[PDB]
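One structure below.
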Amino acid sequence: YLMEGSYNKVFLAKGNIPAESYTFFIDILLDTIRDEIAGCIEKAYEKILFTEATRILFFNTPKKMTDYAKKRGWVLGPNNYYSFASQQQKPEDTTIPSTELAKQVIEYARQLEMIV
Amino acid sequence: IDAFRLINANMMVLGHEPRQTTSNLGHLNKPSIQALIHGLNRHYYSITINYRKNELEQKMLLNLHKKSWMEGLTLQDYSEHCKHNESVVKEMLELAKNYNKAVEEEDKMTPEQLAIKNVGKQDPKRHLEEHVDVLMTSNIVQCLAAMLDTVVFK
């Protein structure tokens with residue numbers, strides 16, 4: 001269930017143990033998905049109020065949303081999570097194929113006429 | 001060229017063979033049968049020669065005869081390069097159909113008959129690998145020369 005996007009079922013398995021305690025393992029299991037929800041806040045979402053993504057983890061209203069909201073963006077505003085969905089800078093690169101392809105063209109010319 | 005010179009016809013009347021070889025230096029080039037028809041020897045002789053050259057002359061004619069200027073730093077008729085790149089491939093299809101023809105009469109009469117028998121009509125094999133070289137050299141040069149100018153010019 002950790003393989004796919006099954007989150008809620010994993011947090012249902014957090015507490016539904018028939019075998020033994022498993023407490024130290026579901027506390028690592030807690031942190032390693034805390035930074036995973038704290039990762040998947042970073043999409044091209046819209047404005048989310050201070051209830052929805054406030055309750056996607058396991059909290060009502062502590063300052064843990066101040067810990068995440070000052071940790072990453074989606075800044076604390078008037079019931080607002082700010083979307084800096086930019087993804088703008090990296091394209092329009094002619095020079096990198098004009099270096100790599102400039103290597104690979106001559107590398108095509110090496111095993112083309114010269115005897116090996 | 002073969003610079004010659006007269007020999008005495010008096011010694012020819014004497015029956016005496018001239019020129020008294022002391023060095024294996026003159027009997028190195030063989031005279032022609034056509035000059036042997038003439039009087040190259042009976043009346044004249046050949047001389048072995050060479051030529052005097054130096055680095056003062058070798059560089060100033062080597063570095064100057066076939067030299068480009070900025071020609072390879074061009075694009076070679078940028079609309080018509082790809083047009084030519086179909087103007088060969090189109091008949092290369094039918095020549096590849098002749099390559100889908102001539103292989104099919106193998107395991108037949110022995111290939112020495114496939115050496116004499118093909119002197120009226122074209123082969124797909126040599127004509128095929130010809131255009132592979134043509135299309136290759138026509139493309140890779142314009143490809144790399146197109147991509148240097150992106151780096152050099154801004």
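We name chains A, B, ... following the order of the structure tokens; residues begin at 1 in each chain, and ligands are numbered from 1 as shown.
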
If we count only C-alpha atoms, which residues of chain A reach to within 8 Å of chain B? Please list them as a PyMOL selection string.
chain A and resi 94-95+98+102+105+109

List the spatial neighbours of range 50-63 of chain B as an MDAnalysis selection string - criterion: any atom at most 12 Å away, only C-alpha atoms, same-chain residues fewer than 3 positions off excluded.
chainID B and resid 1:3 47 66:68

Filtering to N, CA, C and O atoms, could you give me those residues as an mmCIF file, in the first residue's frame?
```
data_model
loop_
_atom_site.group_PDB
_atom_site.id
_atom_site.type_symbol
_atom_site.label_atom_id
_atom_site.label_comp_id
_atom_site.auth_asym_id
_atom_site.auth_seq_id
_atom_site.Cartn_x
_atom_site.Cartn_y
_atom_site.Cartn_z
ATOM 1 N N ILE B 1 59.814 12.583 -70.298
ATOM 2 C CA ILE B 1 60.890 13.532 -70.554
ATOM 3 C C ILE B 1 62.098 12.852 -71.198
ATOM 4 O O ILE B 1 62.338 13.034 -72.397
ATOM 5 N N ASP B 2 62.798 11.997 -70.439
ATOM 6 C CA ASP B 2 63.911 11.150 -70.869
ATOM 7 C C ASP B 2 64.976 11.870 -71.696
ATOM 8 O O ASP B 2 65.024 11.678 -72.914
ATOM 9 N N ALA B 3 65.758 12.760 -71.080
ATOM 10 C CA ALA B 3 66.778 13.505 -71.812
ATOM 11 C C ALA B 3 67.844 12.575 -72.385
ATOM 12 O O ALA B 3 68.431 11.750 -71.679
ATOM 13 N N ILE B 47 69.239 9.110 -70.094
ATOM 14 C CA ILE B 47 69.878 9.549 -68.855
ATOM 15 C C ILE B 47 68.851 9.449 -67.733
ATOM 16 O O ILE B 47 67.713 9.905 -67.890
ATOM 17 N N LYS B 66 44.481 23.810 -53.031
ATOM 18 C CA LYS B 66 43.069 23.534 -52.759
ATOM 19 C C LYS B 66 42.787 23.925 -51.318
ATOM 20 O O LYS B 66 42.921 23.110 -50.402
ATOM 21 N N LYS B 67 42.394 25.180 -51.115
ATOM 22 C CA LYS B 67 42.112 25.697 -49.783
ATOM 23 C C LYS B 67 40.780 26.429 -49.776
ATOM 24 O O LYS B 67 40.556 27.334 -50.586
ATOM 25 N N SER B 68 39.904 26.032 -48.858
ATOM 26 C CA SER B 68 38.617 26.675 -48.665
ATOM 27 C C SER B 68 38.781 27.970 -47.875
ATOM 28 O O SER B 68 39.846 28.271 -47.332
#
```

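Using only C-alpha atoms, the contacts of residue 54 in chain A at a cut-off of 12 Å, with sequence neighbours closer than 4 positions omitted, comprise residues 37, 38, 41, 48, 49, 50, 58, 59, 60, 61, 62, 63, 64, 65, 66, 67, 68, 69, 74, 76, 79, 80 and 81 of chain A.
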
Name the residues of range 10-73 of chain A that come out as alpha helix (DSSP H) in a backbone DSSP run; write them as a VMD selection string.
chain A and resid 10 to 13 23 to 37 52 to 55 64 to 71

Could those selected residues go to a file with C-alpha atoms, as a CSV table (one decimal), in the first residue's frame?
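And here is the file that came out, again21.csv:
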```
chain,number,residue,atom,x,y,z
A,10,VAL,CA,-1.7,3.0,5.5
A,11,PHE,CA,-2.7,5.4,8.3
A,12,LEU,CA,-5.6,3.0,9.0
A,13,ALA,CA,-2.9,0.3,9.4
A,23,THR,CA,5.4,1.4,17.9
A,24,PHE,CA,9.0,2.4,16.9
A,25,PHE,CA,8.3,1.2,13.3
A,26,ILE,CA,5.0,3.1,12.9
A,27,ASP,CA,6.8,6.2,14.2
A,28,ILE,CA,9.4,6.0,11.5
A,29,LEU,CA,6.4,5.1,9.3
A,30,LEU,CA,5.0,8.3,10.6
A,31,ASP,CA,7.9,10.6,9.8
A,32,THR,CA,8.7,9.0,6.4
A,33,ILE,CA,5.1,9.8,5.2
A,34,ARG,CA,5.1,13.2,7.0
A,35,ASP,CA,7.7,14.4,4.6
A,36,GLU,CA,5.8,12.6,1.8
A,37,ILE,CA,2.6,14.5,2.4
A,52,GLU,CA,-8.6,20.4,3.9
A,53,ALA,CA,-4.8,20.1,3.8
A,54,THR,CA,-4.9,20.9,7.5
A,55,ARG,CA,-6.7,17.6,8.0
A,64,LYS,CA,2.5,21.9,13.0
A,65,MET,CA,0.9,23.6,10.0
A,66,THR,CA,3.1,26.5,10.9
A,67,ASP,CA,6.0,24.0,10.9
A,68,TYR,CA,5.1,22.8,7.4
A,69,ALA,CA,3.9,26.1,6.2
A,70,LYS,CA,7.1,27.8,7.1
A,71,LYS,CA,9.1,24.7,6.1
```

Among chain B, which residues carry a DSSP assignment of strand (DSSP E or B), reported as a tab-separated table (two decimals) with N, CA, C and O atoms, in the first residue's frame?
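File result36.tsv, as written:
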```tsv
chain	number	residue	atom	x	y	z
B	4	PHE	N	68.08	12.72	-73.69
B	4	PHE	CA	68.97	11.85	-74.45
B	4	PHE	C	70.22	12.63	-74.83
B	4	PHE	O	70.31	13.84	-74.59
B	5	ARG	N	71.18	11.93	-75.44
B	5	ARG	CA	72.27	12.60	-76.15
B	5	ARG	C	72.85	11.64	-77.18
B	5	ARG	O	72.80	10.43	-76.99
B	6	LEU	N	73.39	12.20	-78.27
B	6	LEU	CA	74.03	11.47	-79.36
B	6	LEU	C	75.15	10.55	-78.87
B	6	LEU	O	75.83	10.82	-77.88
B	44	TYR	N	71.72	7.47	-79.92
B	44	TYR	CA	71.58	8.31	-78.73
B	44	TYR	C	71.37	7.41	-77.52
B	44	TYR	O	71.15	6.21	-77.64
B	45	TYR	N	71.45	8.02	-76.34
B	45	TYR	CA	71.32	7.32	-75.08
B	45	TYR	C	70.41	8.09	-74.14
B	45	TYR	O	70.29	9.32	-74.22
B	46	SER	N	69.81	7.34	-73.22
B	46	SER	CA	68.97	7.86	-72.15
B	46	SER	C	69.82	8.28	-70.95
B	46	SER	O	70.98	7.87	-70.81
```

Just the residues within 12 Å of residue 28 in chain B, please, counting only C-alpha atoms, with nothing from its chain fewer than 3 positions along; format it as JSON, numbers by chain.
{"B": [23, 24, 25, 31, 46, 47, 48, 49]}
